[PDB]
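Trainee:
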Amino acid sequence: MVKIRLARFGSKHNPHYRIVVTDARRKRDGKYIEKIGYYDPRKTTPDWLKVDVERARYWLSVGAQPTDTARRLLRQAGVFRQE
Amino acid sequence: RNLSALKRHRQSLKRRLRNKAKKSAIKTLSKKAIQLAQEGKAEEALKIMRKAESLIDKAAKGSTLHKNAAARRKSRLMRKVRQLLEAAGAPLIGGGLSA
Amino acid sequence: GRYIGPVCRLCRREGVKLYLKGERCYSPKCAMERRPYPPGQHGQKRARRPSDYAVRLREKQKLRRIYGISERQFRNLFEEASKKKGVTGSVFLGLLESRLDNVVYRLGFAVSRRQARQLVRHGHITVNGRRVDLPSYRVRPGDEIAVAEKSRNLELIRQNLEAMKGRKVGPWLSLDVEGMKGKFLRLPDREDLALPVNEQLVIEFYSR
Amino acid sequence: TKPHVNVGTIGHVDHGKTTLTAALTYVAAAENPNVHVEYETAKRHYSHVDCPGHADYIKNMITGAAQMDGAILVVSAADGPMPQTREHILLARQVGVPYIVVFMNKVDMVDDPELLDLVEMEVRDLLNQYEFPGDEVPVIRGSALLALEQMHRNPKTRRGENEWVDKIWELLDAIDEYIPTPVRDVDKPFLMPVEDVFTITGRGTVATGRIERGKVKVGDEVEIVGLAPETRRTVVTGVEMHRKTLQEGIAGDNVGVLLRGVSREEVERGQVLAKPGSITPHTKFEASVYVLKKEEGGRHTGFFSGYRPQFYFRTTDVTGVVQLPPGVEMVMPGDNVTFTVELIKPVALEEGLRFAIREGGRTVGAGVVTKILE
RNA sequence: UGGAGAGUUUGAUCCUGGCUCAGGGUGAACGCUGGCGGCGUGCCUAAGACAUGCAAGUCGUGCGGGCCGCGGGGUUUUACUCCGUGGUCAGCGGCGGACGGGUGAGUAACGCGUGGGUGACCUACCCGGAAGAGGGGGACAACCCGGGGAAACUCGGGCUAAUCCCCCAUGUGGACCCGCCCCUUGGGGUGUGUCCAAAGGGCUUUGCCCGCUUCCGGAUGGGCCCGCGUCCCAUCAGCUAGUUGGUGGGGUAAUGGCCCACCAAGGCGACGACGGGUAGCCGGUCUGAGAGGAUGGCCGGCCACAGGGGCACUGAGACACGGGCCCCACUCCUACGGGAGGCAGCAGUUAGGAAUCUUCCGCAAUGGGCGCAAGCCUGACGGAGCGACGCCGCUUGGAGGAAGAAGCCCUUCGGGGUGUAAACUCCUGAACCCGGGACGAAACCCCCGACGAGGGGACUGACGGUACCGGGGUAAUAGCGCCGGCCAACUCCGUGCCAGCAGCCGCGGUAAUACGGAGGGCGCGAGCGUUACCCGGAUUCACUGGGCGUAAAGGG
RNA sequence: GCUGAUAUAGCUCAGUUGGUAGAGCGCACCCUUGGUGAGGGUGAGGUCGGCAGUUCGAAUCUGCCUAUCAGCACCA
Ligand SMILES: C/C=C\C=C\[C@@H]1O[C@](O)([C@H](CC)C(=O)NC/C=C/C=C(\C)[C@@H](OC)[C@@H](C)[C@@H]2O[C@H](/C=C/C=C/C=C(\C)C(=O)c3c(O)cc[nH]c3=O)[C@H](O)[C@@H]2O)[C@H](O)[C@H](O)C1(C)C
Ligand SMILES: Nc1nc2c(ncn2[C@@H]2O[C@H](COP(=O)(O)OP(=O)(O)O)[C@@H](O)[C@H]2O)c(=O)[nH]1
Ligand SMILES: [Mg+2]
Ligand SMILES: [Zn+2]
Numbered sequence: 001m002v003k004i005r006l007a008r009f010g011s012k013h014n015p016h017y018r019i020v021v022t023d024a025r026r027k028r029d030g031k032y033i034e035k036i037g038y039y040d041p042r043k044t045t046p047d048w049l050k051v052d053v054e055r056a057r058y059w060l061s062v063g064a065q066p067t068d069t070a071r072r073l074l075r076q077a078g079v080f081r082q083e
Numbered sequence: 008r009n010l011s012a013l014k015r016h017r018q019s020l021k022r023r024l025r026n027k028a029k030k031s032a033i034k035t036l037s038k039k040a041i042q043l044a045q046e047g048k049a050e051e052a053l054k055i056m057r058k059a060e061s062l063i064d065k066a067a068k069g070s071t072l073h074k075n076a077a078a079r080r081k082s083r084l085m086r087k088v089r090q091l092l093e094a095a096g097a098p099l100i101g102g103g104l105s106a
Numbered sequence: 002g003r004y005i006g007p008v009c010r011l012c013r014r015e016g017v018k019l020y021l022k023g024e025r026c027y028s029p030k031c032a033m034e035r036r037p038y039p040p041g042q043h044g045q046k047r048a049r050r051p052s053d054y055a056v057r058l059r060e061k062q063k064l065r066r067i068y069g070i071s072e073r074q075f076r077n078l079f080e081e082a083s084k085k086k087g088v089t090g091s092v093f094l095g096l097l098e099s100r101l102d103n104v105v106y107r108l109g110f111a112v113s114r115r116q117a118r119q120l121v122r123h124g125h126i127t128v129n130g131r132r133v134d135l136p137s138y139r140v141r142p143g144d145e146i147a148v149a150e151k152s153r154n155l156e157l158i159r160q161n162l163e164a165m166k167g168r169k170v171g172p173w174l175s176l177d178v179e180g181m182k183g184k185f186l187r188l189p190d191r192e193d194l195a196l197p198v199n200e201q202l203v204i205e206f207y208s209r
Numbered sequence: 008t009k010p011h012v013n014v015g016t017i018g019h020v021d022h023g024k025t026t027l028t029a030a031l032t033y034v035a036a037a038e039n040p041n042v067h068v069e070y071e072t073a074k075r076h077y078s079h080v081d082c083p084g085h086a087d088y089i090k091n092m093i094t095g096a097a098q099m100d101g102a103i104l105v106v107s108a109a110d111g112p113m114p115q116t117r118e119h120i121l122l123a124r125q126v127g128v129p130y131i132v133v134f135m136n137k138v139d140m141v142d143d144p145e146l147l148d149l150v151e152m153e154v155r156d157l158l159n160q161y162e163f164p165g166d167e168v169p170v171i172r173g174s175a176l177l178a179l180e181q182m183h184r185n186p187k188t189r190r191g192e193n194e195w196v197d198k199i200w201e202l203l204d205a206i207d208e209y210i211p212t213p214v215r216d217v218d219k220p221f222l223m224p225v226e227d228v229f230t231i232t233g234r235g236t237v238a239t240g241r242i243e244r245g246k247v248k249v250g251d252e253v254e255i256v257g258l259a260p261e262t263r264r265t266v267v268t269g270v271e272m273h274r275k276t277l278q279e280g281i282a283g284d285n286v287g288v289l290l291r292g293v294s295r296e297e298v299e300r301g302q303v304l305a306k307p308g309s310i311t312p313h314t315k316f317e318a319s320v321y322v323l324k325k326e327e328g329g330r331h332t333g334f335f336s337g338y339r340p341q342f343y344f345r346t347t348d349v350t351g352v353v354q355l356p357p358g359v360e361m362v363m364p365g366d367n368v369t370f371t372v373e374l375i376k377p378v379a380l381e382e383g384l385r386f387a388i389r390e391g392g393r394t395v396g397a398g399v400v401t402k403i404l405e
């Protein structure tokens with residue numbers, strides 16, 4: 001189905017995954033749909049994660065499956081939180 | 008030597024037949040249908056077309072003929088049929104077809 | 002690698018007195034003071050009107066050979082100095098000044114260019130906090146270059162750091178002589194840099 | 008487990024050295040589970080090199096002598112003393128090979144009082160004639176041919192149930208005993224001359240030859256120094272002795288060495304695989320030689336500087352220019368000298384390495400590298 | 001924000017003009033020499049053939065037994081072995097092998113590119129919503145017994161359970177013949193008739209949990225279709241019979257000649273048809289001031305192929321990389337009666353060749369499959385190794401230090417160069433030795449709270465004991481090309497149109513700056529030269545930007 | 001790695017019949033030129049592929065070995 005995984009951008013040993021929507025069968029770093037946010041593992045730069053909430057939700061309201069750790073980067077991104 | 012995918016082959020020769028029959032039934036049905044719907048078997052003609060519709064749709068119920076696959080064959084059975092029950096017929100037993 | 006070898010031979014050749022050895026290249030014998038001529042066997046006979054080429058060659062070499070930058074970097078760094086919005090004259094020159102090691106030398110610490118380079122290749126140097134060993138590290142505004150500690154008590158760091166008392170630094174650099182700091186207040190200027198170089202020629206040397 | 012020793016046979020053609028070899032194995036399979068050939072007594076492990084035992088092939092037979100701790104002079108009952116024998120016997124001293132166990136085969140042939148013991152006379156008399164244990168040699172009796180057919184009937188037979196079957200142990204007992212096991216200093220680097228060269232599915236170039244010093248295993252860097260181009264550094268990825276994997280294969284075991292990612296050209300005979308830095312190519316070198324006198328079989332005339340015989344280093348056979356140092360001229364036979372060699376082919380030398388100097392189907396001299404000129 | 005030129009036709013000049021140098025690019029190769037790291041990158045030929053290993057599996061929460069070990073002996077003991085419960089071996093049944101991965105052979109093509117049409121259509125799993133899930137019969141495996149057999153296997157009969165299979169109702173609903181309505185290529189609504197639904201699995205059991213049936217809306221990915229663009233040869237000029245259209249059928253998810261009958265004779269073409277060559281296409285790539293030119297390999301997108309050729313089954317999906325049926329070529333076993341095999345997946349052999357990698361470590365991350373989950377499979381992947389192939393970073397030392405060693409070479413014999421170069425003196429300290437030692441990894445999961453939000457906790461690292469930090473600490477690799485001019489760089493000797501150089505003009509015929517060595521010098525530096533090939537300079541196919549009275553060229 | 005064949009002046013290639021190794025094309029110093037050609041002059045040399053043994057006598061019979069050409073030598 002249509003999931004919300006990551007793409008390995010960045011050199012060797014230097015990851016910089018990109019949070020995105022894509023028809024599961026694609027290849028990881030393969031063409032995807034629309035971008036939603038990024039992620040930097042070594043947490044270098046206090047600017048290592050954003051996620052277009054507004055957009056992040058649309059894709060779910062229509063059925064989007066995140067990864068297990070993609071679920072998480074969203075949890076850190078407070079996406080389900082509704083008060 | 009081998010892989011457990013043959014599992015997927017035997018598991019085929021089976022269904023491979025299961026629907027083959029259901030198929031050839033609708034054929035031997037349809038023939039034997041119009042075969043009488045044009046002769047003037049109004050009653051015992053639709054009888055078959057009403058039997059067909061049944062055997063056809065149920066085929067739909069499976070991996071055999073699906074969606075339009077039968078929705079197609081119908082609009083030709085009852086199509087062709089009636090276009091024969093006009094060689095001086097009048098749908099006596101108004102079974103399947105409708106006035 | 003960065004040449005390494007007779008360098009008061011180029012004090013000659015380019016015939017425009019050079020001091021890559023510092024102290025001596027600065028004495029009554031920069032080698033240059035005894036031979037205002039190229040080396041070799043001939044070295045002192047009539048010269049053919051150096052080709053329009055020639056000129057530009059001496060001009061580059063003159064500069065490139067005045068730092069230690071081996072072509073590859075220099076010409077490379079030159080390119081970077083092109084796209085950069087602005088005159089290639091300044092920029093590049095400035096860009097050549099941005100060299101960590103040079104700067105060191107520019108700011109006492111070491112007697113000559115060729116020396117400042119070892120200082121970086123051993124640890125002795127340090128910038129806004131953490132230390133650096135890349136002669137290539139390029140310096141940015143408001144960044145002060147500091148001598149390390151393990152070195153501060155070194156015989157050499159001494160005398161060398163002493164040559165400051167009195168002399169003042171380049172109008173784009175400061176200096177806490179006792180606390181060996183001094184910052185990089187801004188990319189120097191054509192005029193500040195009184196170099197025996199006609200940039201506009203060295204430039205022309207690379208269109209062809 | 009059981010100590011190992013590379014051995015072989017020798018002698019005159021048709022005597023049966025080739026077939027005795029057949030018997031030796033087989034038999035050794037009955038009372039020994041899991042069984067150039069390989070067999071193993073109930074006391075030792077073994078490597079055997081049936082030699083071609085024939086002129087012409089000598090050149091690769093001598094390389095076979097260099098590769099053994101003991102020779103098995105085979106001899107026929109109906110025959111006895113023989114030309115190819117006298118030959119493949121003096122070459123037994125030249126190329127090391129300590130001790131010799133004669134096996135009068137064909138034993139089962141024409142009865143005679145003398146003959147049986149009259150043959151041991153044409154033997155023992157011809158053995159000391161070449162300064163060997165010509166008097167105390169393990170002379171066994173019991174045609175192997177005949178025993179090699181008794182084991183063919185039923186592939187299982189213990190301690191001599193068919194006379195000759197046990198007469199095959201007269202060897203399988205006389206050789207275990209008598210012929211000890213020497214040292215192979217593993218504390219040294221690595222090294223081992225190249226005998227032939229093979230190719231394989233997935234593996235490729237394998238080297239056959241005896242290890243001289245140290246040991247190798249998968250994951251070792253080595254140098255292939257032996258004529259042509261320049262030394263070739265490569266890693267060993269395969270160490271298997273006698274068709275089966277050998278773990279560390281030390282000195283005294285001829286295993287096949289698989290040199291990673293190479294071709295079968297770059298790895299020809301007469302080379303040497305040693306420690307990265309062990310041995311190097313050298314074309315000129317000093318060496319104290321021993322011109323073999325005329326009474327010893329060699330040169331019956333001598334020579335003069337400029338001569339150019341053929342030297343055999345380890346498993347090689349090359350041609351070099353002899354440049355006698357000023358004053359060194361007509362250096363006749365039975366004379367020791369000291370001149371230099373200039374092989375027309377760069378070769379693996381290590382100063383203080385033994386070699387010989389032949390010429391024309393006979394041995395002409397014995398030398399040992401002194402220093403290397405180039 | 002961007003354009004540079006020269007060497008060569010002469011006795012000399014100017015013109016046209018061909019050639020050639022200075023520039024930049026490279027999956028390269030060959031030569032000589034070769035210390036380090038990181039990031040890149042690594043058959044361009046044989047779409048040749050491949051001894052081995054590994055690439056796709058996963059569910060007991062669909063079902064029934066085989067089986068090894070433990071709960072309690074039916075009765076009273078072994079008996080009709082009933083049942084509690086976790087491993088495990090296939091079988092049944094499910095979702096998955098149609099993606100990931102590899103290659104470019106084929107192909108000039110609606111194949112690709114791009115903008116659109118689909119009132120001519122499909123889509124598993126994925127979320128939203130509407131209605132439901134009541135009853136029923138049965139087979140074949142597994143297993144037991146009998147057989148052929150070298151084996152791969154397989155034949156007979158007999159039980160057997162399911163989410164496997166078939167029949168009834170159930171008709172919210174959808175599919176069809178026909179009639180009406182609004183709409184206009186089959187879309188939307190409406191009435192009669194006919195026709196089809198369906199499975200229970202889990203524990204903490206009138207309630208959750210993953211499912212089932214049909215319907216609809218959303219998403220995602222697809223098929224078909226269309227205008228436009230898409231290389232050379234015209235010494236290739238005409239091409240076509242399912243060919244062009246119609247009509248009614250078959251087939252399709254769907255349009256259509258896609259297929260078939262029937263008729264009519266059309267359709268295409270110098271705006272280049274038909275044929276021949278070549279070639280996967282683009283995003284992009286190198287060059288160029290630009291316009292152009294040349295190109296399509298790392299990575300992504302679409303397509304095509306999976307030993308060669310054909311084909312169908314299964315399914316939402318393939319006419320199927322590692323599945324099947326057949327023919328062929330070829331390899332292997334063979335009890336010579338019939339089997340087996342496709343690395344253009346990973347690692348590697350060999351063949352050819354100028355030439356291109358390790359039979360690897362790990363699933364920790366990321367990603368994909370199956371499941372409630374645990375977690376399992378994953379040669380995709382993340383790392384490592386080899387290769388100066390490339391780029392970028394780094395060292396072989398830094399500061400002193402002579403009217404100036406020695407040696408080697410010119411020398412108007414006065415003396416000039418190598419040269420501060422070395423030596424020597426300090427100093428620093430690549431390496432090597434010592435200890436500490438990473439992030440990438442926080443979640444599936446557990447706990448409060450409803451497996452919600454939110455809050456709390458824990459396990460998990462292949463590269464690694466590497467990177468980086470702290471301590472100690474030895475001066476510790478250099479090579480290639482060139483020096484008449486174009487072009488930076490001069491002299492001695494040997495050589496005597498010889499030996500030889502040469503990109504172009506050209507040097508060598510007893511003083512050679514050009515051949516060869518030497519001393520010296522110039523560029524560059526782990527590189528440097530050579531070869532090959534693209535663009536440039538070349539307004540030297542010219543739009544930008546040329547020419548045609550004798551230079552090339554007006555047609556008689 | 002075993003044999004077989006070919007290895008004769010710089011080059012082509014003659015031959016012998018065991019014994020003071022040929023032909024021409026070239027070529028070296030001349031006279032000449034500037035140098036060469038041509039013209040008239042003068043000739044001067046073959047390790048019989050190589051190292052080695054046999055003979056009174058070794059390019060011809062022996063033994064070895066080296067570049068090269070041809071062969072179901074050649075999977076630990
Ligand atoms: C010979 C081939 C290869 C040698 C290789 C190397 O040799 C070696 O370098 C070796 C080291 C010493 C070496 O140099 N060998 C090199 C030399 C070594 C020589 C050593 C020992 C001697 O001593 C003087 C030794 C044999 C000595 O001789 C005597 C024999 C005399 C015979 C006379 C002939 C007679 C009657 C006869 O009928 C006869 C004949 O035989 C042949 C032909 N026709 C005949 O008519 C006696 O028997 C003594 O024992 C090492 O062994 C290396 O490792 C190696 C094996 C690689
Ligand atoms: N009389 C007899 N003849 C035998 C025996 N062994 C071998 N042979 C024969 O001797 C001849 C040569 O045998 P082989 O083994 O080939 O000897 P090689 O020449 O040393 O290889 C052949 O005919 C053999 O069959 C034996 O024990 N006795
Ligand atoms: Mg074998
Ligand atoms: Zn100076």
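Residue numbers (the authors' numbering), protein chains in the order written: chain AP, 1 to 83; chain AT, 8 to 106; chain AD, 2 to 209; chain AZ, 8 to 42, 67 to 405.
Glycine included, C-beta positions come from ideal geometry on N, C-alpha and C.
Which residues does DSSP list as the beta-bridge partners of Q65 (chain AP)?
Mentor: Its beta-bridge partners are AP:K3.
Trainee: With distances taken from each beta carbon to the nearest heavy atom of ligand 4, which residues come in below 6 Å, in chain order?
Mentor: Those residues are AD:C9, AD:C12, AD:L19, AD:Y20, AD:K22, AD:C26, AD:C31, AD:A32, AD:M33, given in chain order.
Trainee: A59 (chain AT) and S37 (chain AT) look like a contact to me (Cβ under 8 Å); what is the Cβ gap, rounded to whole Å?
Mentor: Rounded, the Cβ-Cβ distance is 6 Å, consistent with contact.
Trainee: Could you tell me which residues DSSP pairs with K48 (chain AT) in its beta bridges?
Mentor: Its beta-bridge partners do not exist; DSSP assigns none.
Trainee: For the pair the stretch 171-179 of chain AZ and the stretch 28-38 of chain AZ, tell me if three or more CB-CB distances fall below 8 Å.
Mentor: Yes: at least three Cβ pairs fall under 8 Å.
Trainee: Beta-carbon within less than 6 Å of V8 (chain AD)'s beta-carbon, same chain only, minus the 5 sequence neighbours each way: which residues are those?
Mentor: So the qualifying residues of the chain are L21.
Trainee: Using a threshold of 8 Å, state whether the C-beta atoms of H273 (chain AZ) and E38 (chain AZ) are closer than that.
Mentor: Against a cut-off of 8 Å, the Cβ pair of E38 (chain AZ) and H273 (chain AZ) comes out as no contact.
Trainee: Give me the residue from AZ:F344, AZ:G292, AZ:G333 with the minimum Cα distance to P312 (chain AZ).
Mentor: The option with the nearest alpha carbon to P312 (chain AZ) is AZ:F344.
Trainee: On the three-state DSSP scale, how would you describe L222 (chain AZ)?
Mentor: Correct three-state label for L222 (chain AZ): strand.
Trainee: Assign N136 (chain AZ) to buried or exposed, taking buried as 16 or more other Cβ atoms, counted over all protein chains shown, within 10 Å of its Cβ.
Mentor: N136 (chain AZ) should be labelled buried.
Trainee: Straight-line CA distance for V225 (chain AZ) to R28 (chain AP)?
Mentor: The straight-line gap from Cα to Cα measures roughly 51 Å.
Trainee: What are the boundary residues of the alpha helix (DSSP H) that includes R117 (chain AZ)?
Mentor: Element bounds for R117 (chain AZ): 114-125.
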